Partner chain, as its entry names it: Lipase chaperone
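One chain comes next, on its own, written out as structure tokens in the form deposited without the partner chain.
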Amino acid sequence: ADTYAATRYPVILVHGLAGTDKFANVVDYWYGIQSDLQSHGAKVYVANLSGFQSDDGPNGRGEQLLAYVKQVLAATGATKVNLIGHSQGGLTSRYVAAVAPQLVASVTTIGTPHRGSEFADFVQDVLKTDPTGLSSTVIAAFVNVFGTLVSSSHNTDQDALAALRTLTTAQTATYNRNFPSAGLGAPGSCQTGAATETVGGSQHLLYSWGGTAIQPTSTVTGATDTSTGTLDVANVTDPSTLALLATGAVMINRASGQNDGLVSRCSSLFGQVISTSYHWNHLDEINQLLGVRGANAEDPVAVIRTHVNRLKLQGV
């Protein structure tokens, strides 16, 4: 054990997707990340949140996270925390930094759709005419795969789609207006904002990164998966690999540009962007499923570890 990742303030990992900190009630959402960071001296706490309504609604994920943050502080005697969120967890983290600015030292978002997801938009369009979504082979595939990851549910296939409602372009637009952030860039610029923000007289360090495995091609039509080789085992041992190429292809046909299967490069930009060139799909970002990634995908565990050291070096 060493102190490479020993930050001053505790680290809270904030999940996204359908709910809780587990996939199918048994697999850790942040696969293998907590034990790694702890072996490097970090104090890590993993949030467990629920709900499909907006992050700022009554008893919504935002309020749940805020309550959790206060329990962590009260138990540790620490005065602030470092928030690291994935997918919707980046939106959740934003709520806490906005309503209790004095309790947050930094906000890092990984593959967060700050400006919405074109796939979430597509699903909303289809259910307007096929309340089932199944007339779409892409939706069927998405549901089949992501339905198996839902924890604590009696209708996992339904819940798999429910998790996309808050990620639409329209919903995030509303959220961004009610919860502005210096970390966001100007509208329609596909540029990031400021590296820091001063809120309630508290300074926050702002960071982000995302994956761009899915690239547009002139010829799955119109898209290619750059995370995998020719004959890649990740295409077999991880069912989310081809599922996210399919959803990413839909995104590209909806003018998203390069993406991770659910979040475009432009939508992910927030604060200081470490990189968006990682050859990752949305689940590779969190070492899923079960540590499986394509031959061209970088090590996500190493990437996160290096970032917690980065925080330490910044004094948080």
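Numbering follows the first chain given and starts at 1. Only residues modelled in both forms are compared. Take the two forms, superpose them, and find the largest set of C-alpha atoms that agree within 1.5 Å; that set is the rigid core.
Keep in mind that the form deposited with the partner chain bound is not shown, yet the notes after this line are about it.
- Residues placing heavy atoms within 4.5 Å of the partner chain in the entry with it bound fall in a single listed stretch, namely 67-75, out of 67-75, 83-91, 120-128, 161-169.
- Although the partner is absent from this view, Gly32 contacts the partner chain in the entry with it bound, with a non-hydrogen atom inside 4.5 angstroms.
- In the entry with it bound, the partner chain lies within 4.5 Å of some heavy atom of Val44.
- With a 4.5 Å cutoff on heavy atoms, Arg310 counts as touching the partner chain in the entry with it bound.
- Although the partner is absent here, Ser268 lies well away from the partner chain in the entry with it bound, with no heavy atom inside 4.5 Å.
- Highlighted residues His40, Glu63 and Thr306: every one comes within 4.5 Å of the partner chain in the entry with it bound, counting any heavy atom.
- Residue-level contacts in the entry with it bound: of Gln191, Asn144, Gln203, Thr219, one residue has a heavy atom within 4.5 Å of the partner chain, and it is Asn144.
- Contact with the partner chain in the entry with it bound, defined as a heavy atom within 4.5 Å, holds for exactly one of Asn155, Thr132, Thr237, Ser152, namely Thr237.
- Once the two forms are fitted on their rigid core, between this form and the one not shown the CA displacement reaches 2 Å or more only for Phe52 among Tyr68, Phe52, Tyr45, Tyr31.
- The distance between the CA atoms of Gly51 and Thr168 is at least 3 Å longer in the entry with it bound than in the form shown here.
- Compared with the form shown here, the Cα atoms of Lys70 and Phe52 move at least 3 Å closer together in the entry with it bound.
- Once the two forms are aligned on their core, only one segment of at least three consecutive shared residues with Cα displacements of 2 Å or more between this form and the one not shown appears, at 51-54.
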